[PDB]
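Shown below, as structure tokens, is a lone chain in the form deposited in one PDB entry; questions about how it binds or moves come after it.
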């Protein structure tokens, strides 16, 4: 089951939080103004810790590592020269990161470092503007808690919207209509984007609120308890925007939940915009709009990669040891070739690795070769590395 022991008790850590983004001068995480919560961890590791031992960071009830982009992940942790001290892995089910020590701890004593993570609240729990949340985490078995105020800037206005989250393939975009509950007729909403497109009305769901309690400040409403419109009038426009015709809504409030597609080979800054045109409570045409922007951080949207290959005598070479190394030569994983001569490593974060084939005594490869180790460079980007063996 485990590569080593839980060594929480042998990792001595100090933790602090730092608010980033537009709310920092107001002591708040401004969730729609680049706000996030940075977690900073300084640690030392006992000399008795070995390769495969691990410590954990439990992110508690209220926050997760990462911000707006799914799936959430943690990073490996390195020393001052980029050598990997521990491999980071995150389990969404338990909201816990595991940091598994490499052979760094067997090479060096007085192992110490620091790392940081960006984090965001679960929008279904941190629901309300100005909510002061006791953000309690556990770092190497020791609790750390600080109250943190979150604010999404929901305003009681004709139209406001926010990006709930983003994945490689789509964003969930939330638009609130007529929170001010004014009498409105001829109501229409255009959803448009830079970096996004609609292809089907199936991408858009419309809900009528029973009362203002359903307009959750976090823009991640409880859809299970909202009244969903069966026959919503939705057109996908030739430019890839969509128009939702709500009609003569009177004083009713509406929520539109949309899932615009990301565009392949777009980067920089995505934008999703809600444009609300209507006739107002005085029979005058009006127009209101709101826009949200989001960075396509490819590294945070990418899936995990892997590679593999065959080893043979130049007949399959079964049970050959193959190590996965970081570019600095630290071992990240080990495996052996199976009965068909095949090995693999998967769930690898994009980047550069070395693959080390351990030579049986008396054999050399058919890249560099030293002290009976054949080492090949590999680049992972969400391929095949083979080795033929010949007598010396």
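Residue numbers count along the first chain shown, from 1. Just so we're on the same page, rigid core means the largest C-alpha set that superposes within 1.5 Å between forms.
From this point on, the text means the form deposited in another entry, which you will not see here.
Peer 1: Using a core superposition, identify the member of 68, 337, 28, 56 whose Cα displacement between this form and the one not shown reaches 2 Å or more.
Peer 2: Comparing both forms, the shifted residue turns out to be 337.
Peer 1: Core superposed first: is there a CA shift of 2 Å or greater at residue 299 between this form and the one not shown?
Peer 2: Yes.
Peer 1: For residue 37, is the C-alpha shift between this form and the one not shown 2 Å or more after core superposition?
Peer 2: No, the C-alpha position differs by under 2 Å between this form and the one not shown.
Peer 1: Cα of residue 309 displaced 2 Å or more between this form and the one not shown, core superposed?
Peer 2: Indeed, residue 309 is displaced by 2 Å or more.
Peer 1: Between residue 300 and residue 36, does the Cα distance in the other form come out closer or farther than in this form, changing by 3 Å or more?
Peer 2: Relative to the shown form, the pair is farther apart.
Peer 1: Given that the distance between the C-alpha atoms of residue 94 and residue 300 changes by 3 Å or more in the other form, do they end up closer or farther than here?
Peer 2: Compared with this form, residue 94 and residue 300 lie farther apart in the other form.
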